[PDB]
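One structure is given below, encoded as structure tokens.
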Amino acid sequence: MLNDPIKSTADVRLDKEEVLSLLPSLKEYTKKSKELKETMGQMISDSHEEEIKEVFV
Amino acid sequence: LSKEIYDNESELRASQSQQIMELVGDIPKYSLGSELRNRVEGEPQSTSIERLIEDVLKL
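Protein sequences appear in the order of chains Q and Y. Counting in the authors' numbering, the final residue of the first sequence is number 391, and the numbers go up one at a time with none missing. Counting in the authors' numbering, the final residue of the second sequence is number 120, and the numbers go up one at a time with none missing.
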């Protein structure tokens, strides 16, 4: 299952600002994903997963 | 005489039928999809977003 490209628009470029304003909840999903990745990275760095993964083998 | 009158009027009608078929096309048929001409003729009774997407990129 590849990252399928957008269909051919016959020289109409992908205006990301217009389609981003067309789907305004995507910015809310983006900031929620940023907060989730921030909290998960804070959980990961506290757990020393890479540290105990690299000190063993 | 009526046969010759009809033949002359058919010869006059030939140039008119060639001119009124060679007008501005105004985006004519046999160029759109099925759903575009079905929305032109009205009451399609079967909507399908995938065919609308695949036909709106063909205009």
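The beta carbon of each residue, even a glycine, is placed where N, CA and C say it ideally should be.
Using 8 Å as the threshold, is the stretch 79-91 of chain Y in touch with the stretch 111-118 of chain Y, meaning 3 or more CB pairs across them?
no
Measuring straight from C-alpha to C-alpha, what distance separates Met82 of chain Y and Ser92 of chain Y?
16 Å
Confirm, please, whether the CB-CB distance from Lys341 of chain Q to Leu118 of chain Y is below 8 Å.
yes
Rounded to whole angstroms, what is the Cα-Cα separation between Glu104 of chain Y and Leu84 of chain Y?
29 Å
Answer yes or no: do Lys361 of chain Q and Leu354 of chain Q have a C-beta to C-beta separation smaller than 8 Å?
yes
Using the C-alpha atoms, what's the distance from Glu96 of chain Y back to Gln80 of chain Y?
30 Å
Distance, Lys365 of chain Q Cα to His382 of chain Q Cα
26 Å
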